[PDB]
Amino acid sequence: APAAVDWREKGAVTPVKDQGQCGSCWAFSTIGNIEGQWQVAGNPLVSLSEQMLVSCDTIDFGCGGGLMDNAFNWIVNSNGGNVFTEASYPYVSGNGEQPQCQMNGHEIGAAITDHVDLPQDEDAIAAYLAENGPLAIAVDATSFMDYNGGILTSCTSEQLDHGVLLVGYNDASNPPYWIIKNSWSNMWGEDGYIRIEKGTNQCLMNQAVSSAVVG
């Protein structure tokens, strides 16, 4: 594994989004991972549709919550592997509205075939990230609620309750850190991102790391 990687610099990460007043973090985590896997496979970066998941994934609960594992399963087993573009199916649940599922002639932005789980092992996660692109992860978000910048070192690490996107790390820092894309707009945190220390399982970040498989 290299000393640092930042997939934003490598072209695999779309702008920061805003889930709004909807518990759809799990959909943003899933979609962010697919956006990265699709780009790393050699396709142009394209923003994909969280709304598709919020409205159409019948395993998960829309704004009531969900799991990235379920969302990847729904895409593959119920939507033919297809993921619609954000342009085709824009996000409208930010004020809590939850319209019926559309499905119908939507532009297909990406396709996946499966998903994989990573071990609860920060070194293995870093190596896989560096080779393969941004990863869906779960965290305890308790300490995110009052984040105002810098690197967390004493994150509350009690119970997973939020899905986010792991986009990089930097070991050449006191302390080493992960770089995480949140879905609370670009006004939150460090332009929508948070850094947490790497190597002390901050916020339970190692516990539920996954990635879609393209091709």
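Numbering starts at 1 and follows the sequence shown. C-alpha atoms forming the largest set that superposes within 1.5 Å between two forms make up the rigid core.
### Query
Which stretch is less alike in 4 other deposited structures of this protein, 111-119 or 97-105, counting RMS CA distance after the rigid core is superposed?
The answer is 97-105, which departs more from the shown form in 4 other deposited structures of this protein.
### Message
Quick check on the record: does 167-175 or 153-161 carry the larger mean Cα temperature factor?
### Response
Result of the comparison: 153-161.
### Message
Please compare 144-152 with 30-38 and name the stretch with the higher mean C-alpha B-factor in the deposited structure.
### Response
Per the deposited B-factors, the answer is 144-152.
#### Entry: Member of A136, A111, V139, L129 with the greatest C-alpha B factor (per the PDB record)
Checking the PDB record, the top C-alpha B-factor among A136, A111, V139, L129 is at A111.
### Task
Could you tell me which one of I180, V54, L45, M68 shows the highest CA temperature factor in the PDB record?
It is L45.
### Task
State the tercile, meaning the lowest, middle or highest third, of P15 with respect to the CA B-factors recorded for its chain.
Middle third - that is where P15 ends up once the chain's C-alpha B-factors are sorted.
### Task
Taking the values exactly as deposited, rank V213 by C-alpha B-factor within its chain and report the matching third: lowest, middle or highest.
Highest third of the chain for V213's C-alpha B-factor.
### Message
Ranking every modelled residue in this chain by its Cα temperature factor as given in the entry, which third contains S24?
### Response
Within its chain, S24 is a lowest-third residue by C-alpha B-factor, going by the deposited values.
### Message
Please say which third, lowest, middle or highest, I75 falls into when its CA temperature factor is compared across its chain.
### Response
Middle third of the chain for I75's C-alpha B-factor.
### Task
Consider only the C-alpha atoms of the modelled residues in this chain, order them by B-factor as the entry records it, and name the third containing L118: lowest, middle or highest.
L118: CA B-factor falls in the middle third of its chain.
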